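following this: a sequence and the matching experimental structure.
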Amino acid sequence: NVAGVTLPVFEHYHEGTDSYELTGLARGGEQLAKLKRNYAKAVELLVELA
Amino acid sequence: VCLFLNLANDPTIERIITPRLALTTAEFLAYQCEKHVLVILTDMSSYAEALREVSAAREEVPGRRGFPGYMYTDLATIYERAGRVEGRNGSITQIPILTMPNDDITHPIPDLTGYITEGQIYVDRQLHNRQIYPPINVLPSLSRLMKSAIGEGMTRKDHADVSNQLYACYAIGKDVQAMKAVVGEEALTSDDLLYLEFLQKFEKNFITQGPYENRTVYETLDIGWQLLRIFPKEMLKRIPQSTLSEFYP
């Protein structure tokens, strides 16, 4: 409530379910962890813009 | 002190006669004898009522609001008995009081009085309801001869600057209270808090005097400086730098 009227905003609430071990496709675990991190940053930025 | 009283139940002719008697004794005591005299008149609206009475007795046709037209020149006669005169070291100064009917500035009495006076001091109902013993509202008030009444040879050099700054920042403070009325306290800046606190302390101290506190002019200027020191140095836009260096620290 920044003024007389109330504005809608959102928060990146990390619910925290465990990720998925994908150890089948030659097991590039480094690549998967890096991808997860990058997309997490993307999601946070997108939530902020939203 | 030379005092005159005229109760309400007295003859009206006594009422019309009295102020001229007061003015003549003032003139004698001030000019024929070297004195400086402060004349105070109370509630000239009753003098106007007596003027209406004598007009009705003579059977002259009333005009605006039941007042004779020549009352303007009559009031001029009761005025213009002031100012200094060459060849004399004395002075005379009139400070009358009026009863405004229903807060109407366009009523003939105050309007004409303003046409033949050099300023006015207001009294506001809200301040009286706020239990501030001097209810003076200094915003609409104005004195036309400030520039010569004060100065370095006078009370002090910094007086005019202090007065102007005080007036301007009070205006801004009233505006900031209006701002707070809607925007909320959390949406304010530090500057707005400074203005509000300054305003509050100002009516607390500068305006309130007490029924017997005889403050000297230097004391009033000191109080003003103390209140000014609340704001930081840079916001004193109306203050020349030299005075700020001399007095602010």
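Received it, and whenever you're ready, just let me know what you need. Numbers count the residues shown, from 1 in each chain, chains lettered A, B, ... in the order given.

just give the nearest non-adjacent residue to residue B:179, would you?
Among residues not flanking residue B:179 along the chain, residue B:192 sits closest, at 6.7 Å (Cβ to Cβ, 6 or more residues apart in numbering or on different chains). The way it works is simple: take the backbone N, C-alpha and C, and place the C-beta from them, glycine included.

hang on, the one you found packs against residue B:180?
Yes. Counting by Cβ atoms under 8 Å, residue B:180 is a contact partner of residue B:192 at 7.1 Å.

pick out whichever of the two has more residues nearby.
Neighbour comparison, residue B:192 and residue B:180: the larger count goes to residue B:192, with 19 against 16 (by other Cβ atoms under 10 Å in any protein chain shown).

neighbours of the closest residue to chain A within chain B, just the number please.
In chain B, the residue that lies nearest chain A is residue B:182 (7.0 Å; Cβ to the nearest Cβ). Residue B:182 has 9 neighbouring residues, counting by other Cβ under 10 Å.

just checking, what packs against whatever helix or strand it lives in?
Taking DSSP states H and E as the criterion, residue B:182 maps to helix B:159-183. Using 3 or more Cβ pairs under 8 Å, 6 or more residues apart in numbering or on different chains; DSSP states H and E, the elements in contact with helix B:159-183 are strand B:136-143, helix B:146-149, helix B:190-201, helix B:217-228.

any idea how far that helix is from the chain center?
Averaging C-alpha positions (Cα atoms, centre = their mean, to the nearest Å) puts helix B:159-183 20 Å from its chain's average.

list the buried residues for it?
Counting neighbours by 16 or more other Cβ atoms under 10 Å in any protein chain shown, one finds that the buried residues in helix B:159-183 are B:159-163, B:165-166, B:169-170, B:172-173, B:176, B:179-180.
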